[PDB]
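In: Could you work out the structure for the sequence below:
(5 chains)
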Amino acid sequence: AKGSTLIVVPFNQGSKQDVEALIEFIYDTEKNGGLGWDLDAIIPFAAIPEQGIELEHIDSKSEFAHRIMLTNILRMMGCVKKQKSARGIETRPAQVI
Amino acid sequence: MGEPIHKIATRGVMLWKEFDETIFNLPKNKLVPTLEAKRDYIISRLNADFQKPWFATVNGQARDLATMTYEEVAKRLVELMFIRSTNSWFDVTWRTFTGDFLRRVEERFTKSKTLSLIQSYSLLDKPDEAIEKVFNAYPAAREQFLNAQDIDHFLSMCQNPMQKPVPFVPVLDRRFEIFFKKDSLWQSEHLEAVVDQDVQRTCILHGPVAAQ
Amino acid sequence: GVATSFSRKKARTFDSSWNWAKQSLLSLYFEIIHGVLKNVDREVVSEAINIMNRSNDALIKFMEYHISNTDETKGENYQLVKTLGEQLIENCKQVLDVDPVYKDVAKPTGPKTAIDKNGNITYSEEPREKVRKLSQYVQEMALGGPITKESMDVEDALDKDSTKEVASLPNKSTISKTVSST
Amino acid sequence: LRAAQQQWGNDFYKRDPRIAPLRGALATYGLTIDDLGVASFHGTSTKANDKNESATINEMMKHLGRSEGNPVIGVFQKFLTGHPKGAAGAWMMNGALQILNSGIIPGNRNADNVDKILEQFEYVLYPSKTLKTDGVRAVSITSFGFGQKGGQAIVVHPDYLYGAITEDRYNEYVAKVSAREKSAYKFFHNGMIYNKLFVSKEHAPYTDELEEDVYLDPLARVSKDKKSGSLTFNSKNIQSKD
Amino acid sequence: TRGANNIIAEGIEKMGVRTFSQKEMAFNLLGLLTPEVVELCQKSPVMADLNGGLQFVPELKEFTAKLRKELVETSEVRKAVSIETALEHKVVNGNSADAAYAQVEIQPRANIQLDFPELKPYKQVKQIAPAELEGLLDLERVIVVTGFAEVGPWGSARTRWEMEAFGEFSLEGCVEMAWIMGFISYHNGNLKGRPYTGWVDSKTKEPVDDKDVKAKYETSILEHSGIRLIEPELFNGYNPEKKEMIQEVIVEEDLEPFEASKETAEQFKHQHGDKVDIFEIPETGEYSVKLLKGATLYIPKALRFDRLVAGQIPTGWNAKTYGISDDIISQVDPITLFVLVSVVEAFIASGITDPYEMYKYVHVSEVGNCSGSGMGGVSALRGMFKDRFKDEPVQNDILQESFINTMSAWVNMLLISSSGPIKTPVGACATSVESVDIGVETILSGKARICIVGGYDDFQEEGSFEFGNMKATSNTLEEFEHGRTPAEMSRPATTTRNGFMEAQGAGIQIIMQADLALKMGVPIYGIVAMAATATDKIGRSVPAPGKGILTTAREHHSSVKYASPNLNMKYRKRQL
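Out: Residues are numbered from 1 along each chain as shown, chains lettered A, B, ... in the order given. See below for the structure:
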């Protein structure tokens, strides 16, 4: 619709360096090659399937999937907190779904 | 088979004789140029005088396979190979030839995989209706000369050894002597399957002395 | 797994909705003239919502031209596109300077599994019987079911006359009694 | 008679400084500036060219009082082919003819995001996907070369021609084309499978003895030779009173 | 949320439990971004249950695993019972009872058309033009396009159009591309004993059915067609990663003597003067050449170039495939082969199989050629500037093949044999439109009745590099940094556009007077209503494009109160 913008980016939620970099890029000013944005919502729906992995089969894939689906969602929320705190933004919270 | 043979001097055999003295006696390097040179004359005599006419003759006007529509080819096949008097194909191998051709028409003009309209060649035993059924599904084929590939396929089918030799010459080329001469003796027993039912097109074997 | 994938230089921005509004209209216009979209198809209402959400003066002028210069006499499909067009212009004028809206009007489907004679498992998404809009979907959700218990009728022109359903899109329906009371 | 037809049919706008060459060209066949429905842009994918071209067409349409709300649809064929320099317009032209005869206007499938600067040019629309229209009456083709080579060409739908002839002439035409089209299809398929679409001429249509007789006679024409079947000049049809 | 679990979703729903479509569940989630639920989230965390009553089903896994079991049991049983009752029926009633039931599948063969314009009935076509137009136009001064062709990165005009308009080949376009690229050759005769007629793989000679061509070759066709990484085999081993140059070095210590002929030695002496010593060897007669300290050498080095991608004619394209002899291919510059194929394939599109047929209608002095090029035979220029320097073997007549007017000369000397006008324009990127501007005037001036118009240009190392140095072309290393693949690097009118993609090939049209076109009964693809060129203005940047062609819309507006009767076709008809 009018006023809408879509920004497609390559991203690996597995990587913490990508998580830091993504939020740094969103919050950076246009001068420094960012978007100059300030998130009103985050929808961290990224996930990888794990089929037929019972307890005894939990290995590298499962520990990685866990990093995507928990650890780096906490890191991504932490990042957005640190970016908003940096700029004294106290009245525009981001809705995490 | 290359040996002298005593035939009634009909228009067919008098052509046969003329072609023995002027065309089939030539060496293999001078055959094709002489055929190309005399094309129009050869074709006129085949259609007027011989038991194997020029196949590419649409309503009495000499043509070539490359200048005939698919409809014109399928109709001429029925004209030469199906006998209206007995209401049947003269040879089941001729009905197969005509049916193989109509499947090739469906193959050439269909845009997607479909069912054949000619499911069994039994349906050709009423051939006018079979042609209408195939050229109503593919009415482009009424208004289009034969694809060059389909000319080669048709000429390949004519050489098929496991069928009765086609009752026509479909091309002037090195193999003209075979097309002219192959299977030349049945026509006198079955004039119903010759063009104008004309004895004078046929080879009839007979002795000059016994003829008294 | 933890290989970096992100780089600022790979970011692709999409913001040229001013241009896509005109392509979206034109593609609808010709899809209706070629009878690819009929006056029953919901995709006519969906595309009319997505045109109104991009309404500006440039687009209104684009509609006014392309519709005013449609010959009604050329066929039923030209009279259709002209009527729908005239409605879509009135709508786009009303919702100029109004915020664009997420409004899904797709047919709400339910699961259907079938086993034939030969034991082939066929899964189709079949239109639900009692529920044929989202408004009805919300009512269905609000009532729950027999297992959940512990110890309205609004006239729409969807699937019959898409042009009449389009005429209703800018009209903000006032909720007399809320679905939370049911 | 031809002079009168030229004066009033084809060249009515040449002396007249109130009619643009672009308007008169369309006006010849009864078309308006609104009937020029597609512009095949140079569209090289360079900053300077793709702005200038849009601005140029936009300003042509604005001046000739093209209807507001009626932008030309841009075609940017070079998204697929690349820029072949000399050949660029020849391809754009081939595609313009293909557009006229199909009523299909191809989309710029690499038009991910149209440049915001181009929004100021209301008389241009930049589709990203193929549109099957009910018809295209006329196509503009603009090319911009190095060394200040600007070019334009308008191509009108051929059905505007047949309005200028009689039924008997059109029917004769249609018959001859259908015959020619069949013979072309025959030639094409034969040539394709036998790798002989191209056939180099070994001899001129005239013998070196008749070369200067042919050149000097403006009514000399080839006839089919009976021997070879090939079209050649015959001494009978050179300075013939017939 | 549906869209493996789907097959039992309907089973679950019987429990009085709601499963969701992706659309329904999206709608539910966007219900959480409404202003009243955002306000609510800012007071305290919000737990939304969008489960649809699925919590209230007791022991869900055993209920779910049951529903699978019944569905897979019922499927698998019914399948085995249907195969055993088929097999029984067929053993009892024999294979002849399922022979009259059995049926034949017709598979499509490619039937490539020429797409001549569809000619409407005279009633319908009379309606679109004004009634006054009949006999108003001088048809000798109306230019129509009767044929066109091109050789380009997507092959012919037919195949280019399929990829431009539909972005995927039809069976006919897929066979034509396979034929062009030399993946399939035609075969007619004996092949492994049996007589076969049709397409065969060009390498393995294995028969190929038209249906199979797309599955067997399309991936290779799309990979080796269009805009793609430069293929050294197509450009005389050129490799932009390793671009060969030579550095002038002064020798610092005498070199090891090498053996050369007497003429080569005296040539080395003449160049280097006293900085070389040449001596005869009495035995062989050959000479010993010793470079001394201070002599100039050239050591090759390899620069890495950042333009890796181009619009290349499809890999396997060969002029032999179209019937051009090796005597012509070895003689002419590659660009001339594009032009010879474009010109015949244009004449075929105009239904003119024999160009001499034109001389039944027009004089040999009335068939022009007005096609041209920006750079011309650039492979010949390489030959005469770079390959001749390096004393490589180059034909004596390479200069003649360099000339831009030469391609048109070959077209006359091999196909047309006319004594018509020849006016070869040079327009850089606008050559083809200048060619049409010229072709039209050549016809309207009476000087010709038929004209060949178009343009052509090749792609080569040297030009690639100079468009690089000028920063005209897209830097392919930057495009990779931005994640662009070759297929998306030519993006006109886009925010992120950063230079053109170079390509090669040719495009030809045949134009003639409408009067003649009707008389010859050739197809008429369109009318060339106007064609103009224009320079810009005083400046210092040759590449800088300008607003000159705006002049085509020039019209005076100081007096526009009343409509000029000269525009009104009824008035013009009345005066005629």
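
In: Leaving out sequence neighbours, find the closest residue to residue 39.
Out: Here I'm looking at chain A. residue A:94 (4.4 Å; Cβ to Cβ, 6 or more residues apart in numbering or on different chains). C-beta coordinates here come from the backbone N, C-alpha and C atoms, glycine included.

In: Oops, wrong one, chain C.
Out: Nearest residue to residue C:39 in three dimensions, chain neighbours excluded: residue C:162, at 5.1 Å (Cβ to Cβ, 6+ apart).

In: ditto for residue E:48
Out: Nearest to residue E:48 is residue E:32, by Cβ to Cβ, 6+ apart, at 5.8 Å.

In: how much space is there between that neighbour and residue E:101?
Out: Distance of residue E:32 to residue E:101, given as Cβ to Cβ, to the nearest Å: 59 Å.

In: I'd like to know how many residues surround residue 2.
Out: The chain I'm using is chain A. Look at residue A:2: counted by other Cβ atoms under 10 Å in any protein chain shown, it has 14 neighbours.

In: actually it's chain C I care about, not the one you picked
Out: When counting by other Cβ under 10 Å, one arrives at 14 neighbours for residue C:2.

In: Ok, residue B:129 next?
Out: There are 11 residues near residue B:129, going by other Cβ under 10 Å.

In: what residues does whichever strand or helix holds it touch?
Out: Using DSSP states H and E, residue B:129 falls within helix B:127-137. Contacts to helix B:127-137, defined as Cβ atoms under 8 Å, 6 or more residues apart in numbering or on different chains, come from residues B:70-71, B:74-75, B:78, B:82, B:89, B:98, B:102, B:105-106, B:117-118, B:123-124, B:141-142.

In: cutoff 6 Å now
Out: The contact list for helix B:127-137, computed with Cβ atoms under 6 Å, 6 or more residues apart in numbering or on different chains, reads B:71, B:74, B:78, B:82, B:102, B:105, B:117, B:123-124, B:141-142.

In: Ok, stretch A:85-94 next?
Out: Counting by Cβ under 6 Å, 6+ apart, A:38-39, A:42, A:80 sit against stretch A:85-94.

In: give me that answer again for 8 Å
Out: A:27, A:38-42, A:80, A:84, E:41-42.

In: now do stretch D:18-25
Out: Applying Cβ under 8 Å, 6+ apart, the external contacts of stretch D:18-25 come out as D:12-14, D:16, D:27, D:33, D:36, D:60, D:63-64, D:152, D:154, D:156, E:529-530, E:532, E:552-556, E:559-560, E:564, E:566-567.

In: Can you give me the neighbour number for whichever residue of chain D sits closest to chain C?
Out: Residue nearest to chain C within chain D: residue D:69 (3.2 Å; Cβ to the nearest Cβ). Neighbourhood size, residue D:69 [other Cβ under 10 Å]: 21.

In: Surely it is in contact with residue C:63?
Out: Yes. In this structure residue D:69 lies within contact range of residue C:63 using Cβ atoms under 8 Å: 7.4 Å.

In: what's near enough to touch the residue nearest to the spatial centre of chain B?
Out: Residue closest to the mean C-alpha point of chain B, counted by Cα atoms, centre = their mean, is residue B:168 at 2.5 Å. Taking Cβ under 8 Å, 6+ apart, we find residue B:168 in contact with B:52-55, B:80.

In: which one of these sits closest to chain A?
Out: For those, the nearest to chain A is residue B:55 (64.5 Å; Cβ to the nearest Cβ).

In: How about the closest one, nearest residue that isn't a chain neighbour?
Out: With sequence-adjacent residues excluded and distances taken as Cβ to Cβ, 6+ apart, residue B:55 is closest to residue B:168, at 4.0 Å.
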